[PDB]
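Chemist: Just dropping in an experimental structure and the matching sequence.
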There are 4 protein chains.
Amino acid sequence: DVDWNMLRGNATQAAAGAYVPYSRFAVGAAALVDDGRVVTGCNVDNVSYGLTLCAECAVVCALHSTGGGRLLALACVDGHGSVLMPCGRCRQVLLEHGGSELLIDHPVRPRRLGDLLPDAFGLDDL
Amino acid sequence: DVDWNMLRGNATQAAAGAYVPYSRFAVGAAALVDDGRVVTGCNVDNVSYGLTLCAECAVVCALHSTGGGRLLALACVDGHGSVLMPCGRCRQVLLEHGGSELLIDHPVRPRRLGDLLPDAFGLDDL
Amino acid sequence: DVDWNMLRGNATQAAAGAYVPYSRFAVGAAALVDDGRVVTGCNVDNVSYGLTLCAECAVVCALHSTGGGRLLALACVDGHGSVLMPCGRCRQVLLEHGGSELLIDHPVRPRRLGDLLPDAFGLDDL
Amino acid sequence: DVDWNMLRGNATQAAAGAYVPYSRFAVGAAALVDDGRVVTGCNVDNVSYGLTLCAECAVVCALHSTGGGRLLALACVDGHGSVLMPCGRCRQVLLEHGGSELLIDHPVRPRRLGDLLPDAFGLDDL
Ligand SMILES: [Zn+2]
Ligand SMILES: [Zn+2]
Ligand SMILES: [Zn+2]
Ligand SMILES: [Zn+2]
């Protein structure tokens, strides 16, 4: 079992660091890596809104700054600690680093990433 | 009721315009708008690869340059005319402009975008 | 000489099509292509703000949907017709399609893109 | 007053973490924060190339995961340790967090970000 309480808690803590002067919408994420460490991320607004960095992308950056590996589970929350589903961009980028079986926290029942992004674009297409 | 042969054909034609010096992976897309017009897009490489524009995003730019509206159906194909599933980013972008019932071409049977991006991040989360 | 009045006017018209329910910040752009046609673009918000498409990127999509070519001059304006400098992302993407000598409209004196993005990242680095 | 040898070295070390199966172009970056700590980042390819994360953006994610603050100096290098100029997107992102006086390493003499992104798009435009 994944310690979802621990991941959700770490995601919430991460959200406190969000840089959101324009969106005012803090987001945090935390992921369990296959070596057992946890990496975290928060969103980062830009004045050109289309250059905004998602919390889940920040998690992926942290993954490869701290030794690499594969993601096993991820929780994403807003500033109030409510669980959020990743945006489509983040689903694709998370898939690169945890695949279809990466588990994504959900208010009712955590979901396989493969269910959140079925028939995904990928290597087979290139 | 959607002429998929027509949409797929226009997507194929669109792919011929692809700017792909670095990726060498041409993609074209075409979508039926709710006023009955068809809009098209192709991918555009950048030397900083993360600034690459997807065909499906190009379709959405075209949508709003030609009078706006809602997308009803989209086909995306590679340089060989083979049907591609949109990347996660494009699934999120297309959802904004066609919603869950937007149909996405597929080699077997076209799919609702809602099935390709379930429990999507959205307005309720902000 | 570039007909800046004409480009600025076309950029302003393009801004009217902006999809900006979240940012409320309409942007339009228009560019002269080296075959003499003008292509236009507007910005497109997404609920995931980081998937927002810039007007200038939309111009580049239009370029390669309408026969390709090179950009000679570009004007970008807000919803009030005031001239805007492109964001850094757009400077890089415009550079791919017009190079250092692409002229960018400015309230006082249009500027070479090479001056707006000096010592640019590019092919030499790859 | 900035130890460029130290920053360049940490950037080089950061590049070793790069996730670059598709681009094969490793990039690392390191920045001095105004509390005196150093944060690092590396690039991260995605199979949809337009979702690639730049090293410099990874630095900004790290900044806000480690207490926030302002960037004073940044070095960016390739896999061979050669100094790279940031792409336009990254120039805009870095400007948000270090402003015009943020120093950017360069093979000849480090440059003010204000000189690398003059007349930048910003808060005044919104
Ligand atoms: Zn996201
Ligand atoms: Zn895409
Ligand atoms: Zn822009
Ligand atoms: Zn960059």
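Modeler: Okay, I see it. Residues are numbered from 1 along each chain as shown, chains lettered A, B, ... in the order given. Ligands and ions are numbered 1, 2, ... in the order given.
Chemist: The residue in chain A positioned nearest to ligand 2: how many residues sit nearby?
Modeler: Using CB to the ion, the closest approach of chain A to ligand 2 is made by residue A:121 at 6.9 Å. All C-beta spots, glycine's among them, are computed from the backbone N, C-alpha and C. When counting by other CB atoms under 10 Å in any protein chain shown, one arrives at 24 neighbours for residue A:121.
Chemist: Determine whether the claim that it is in a helix is correct.
Modeler: No - the assignment for residue A:121, made by DSSP: H, G, I helix; E, B strand; the rest coil, is coil rather than a helix.
Chemist: Chain neighbours aside, what residue packs nearest to it?
Modeler: Of all residues not flanking residue A:121 in the chain, residue B:87 sits nearest, at 4.3 Å (CB to CB, 6 or more residues apart in numbering or on different chains).
Chemist: Residue A:114: what's it in contact with?
Modeler: A:99, A:100, A:101, A:120 (CB atoms under 8 Å, 6 or more residues apart in numbering or on different chains).
Chemist: In strands, which of those residues fall?
Modeler: With DSSP state E as the criterion, strands contain none of the contacts of residue A:114.
Chemist: which helices and strands does the helix or strand harbouring residue A:90 pack with?
Modeler: Using DSSP states H and E, residue A:90 sits in helix A:88-98. In this structure, helix A:88-98 packs against helix A:55-65, strand A:71-78, helix A:113-116, helix B:88-98, with contacts taken as 3 or more CB pairs under 8 Å, 6 or more residues apart in numbering or on different chains; DSSP states H and E.
Chemist: Output those as a markdown table; include the columns distance to ligand 3.
Modeler: Shown next, in a markdown table, are the helices and strands packed on helix A:88-98 (distance: least, CB to the ion, whole Å):
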| stretch | distance to ligand 3 |
| --- | --- |
| helix A:55-65 | 19 |
| strand A:71-78 | 26 |
| helix A:113-116 | 29 |
| helix B:88-98 | 16 |
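Chemist: can the ones you listed go into a markdown table with extra columns for distance to residue C:110?
Modeler: Shown next, in a markdown table, are the helices and strands packed on helix A:88-98 (distance: least, CB to CB, whole Å):
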| stretch | distance to residue C:110 |
| --- | --- |
| helix A:55-65 | 36 |
| strand A:71-78 | 43 |
| helix A:113-116 | 47 |
| helix B:88-98 | 32 |
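Chemist: Tell me which of those lies nearest to residue B:28.
Modeler: Each of the helices and strands packed on helix A:88-98 has some distance to residue B:28 by CB to CB; the shortest is helix B:88-98, at 13.0 Å.
Chemist: relative to helix B:55-65, how tilted is that closest one?
Modeler: 30 degrees (axes from the mean of the first three to the mean of the last three CA atoms, to 10 degrees).
Chemist: ok, the next helix or strand after helix B:88-98: who's next to it in the sheet?
Modeler: Downstream of helix B:88-98, the next assigned helix or strand under DSSP H and E is strand B:103-104. Using DSSP bridges, the strands paired with strand B:103-104 are strand B:71-78 (parallel), strand B:111-112 (antiparallel).
Chemist: Give me the contacts around the shortest one.
Modeler: In this structure, residues lying in contact with strand B:111-112 by CB under 8 Å, 6+ apart are A:119, B:100, B:101, B:102, B:103, B:104.
Chemist: Scan the residues you listed and report the most crowded one.
Modeler: residue B:104 (27 neighbours).
Chemist: quick one: that one from residue B:25, how far?
Modeler: Distance of residue B:104 to residue B:25, computed by CB to CB, to the nearest Å: 19 Å.
Chemist: ok so, going back, of the contacts of strand B:111-112, closest to chain C?
Modeler: Closest approach to chain C among the contacts of strand B:111-112 (CB to the nearest CB): residue B:100, at 13.6 Å.
Chemist: Excluding sequence neighbours, find me the nearest residue to that closest one.
Modeler: residue B:114 (3.1 Å).
Chemist: just residue A:30 next, same as before
Modeler: residue A:10 (3.6 Å).
Chemist: check which helix or strand covers that neighbour.
Modeler: helix A:4-15.
Chemist: what's the answer for residue A:23, then?
Modeler: Residue A:23 belongs to no helix or strand, assigned by DSSP H and E.
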